[PDB]
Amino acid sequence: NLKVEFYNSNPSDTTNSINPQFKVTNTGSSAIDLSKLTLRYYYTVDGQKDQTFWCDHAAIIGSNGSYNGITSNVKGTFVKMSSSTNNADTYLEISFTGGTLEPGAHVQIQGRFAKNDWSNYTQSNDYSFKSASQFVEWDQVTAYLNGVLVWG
């Protein structure tokens, strides 16, 4: 049982970097193994090029407010959709090398990706894009636990 909130920190239509911000909260009664959790951000690549993901900042915040920095545990991979839609031909898949999300805890992920030649994207044709001043509940990003959908 989890809740996913999301926004894009940089809303410019034309940009050389995309910055998905995720916050995932365990609203259930038992711990979740983060090594089994994946998150998807769907978009159109606007000219296929090699891409790279980095996490700017990620942390697991306990129910009491404890802080555990996990930035270097956050991995990103790019997956092509073999049948594209008008607003999705690729997703960034965010995964974790390890960690545990206790009941009432949340993990916040400040993601970033770019083409290796730093060429432009257009965000207006990206399914998952959400301009907001802060995290909002958003059902156009998805989450899977051990490959089983848990948000979306």
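Start at 1 and count along the sequence shown; that's the residue number.
Trainee: Quick check: 46 to 54 versus 26 to 34, which has the larger average CA B-factor in the record?
Mentor: It is 26 to 34 that shows the higher mean C-alpha B-factor.
Trainee: If you average the CA temperature factors as listed in the entry, which stretch comes out higher, 133 to 141 or 5 to 13?
Mentor: For C-alpha atoms only, the mean B-factor is higher in 133 to 141.
Trainee: Name the residue from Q123, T90, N86, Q108 with the greatest C-alpha temperature factor listed in the entry.
Mentor: Highest CA B-factor of the listed options: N86.
Trainee: Looking at the temperature factor on the CA atom of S95, which third of the chain's modelled residues does it land in?
Mentor: Within its chain, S95 is a lowest-third residue by C-alpha B-factor, going by the deposited values.
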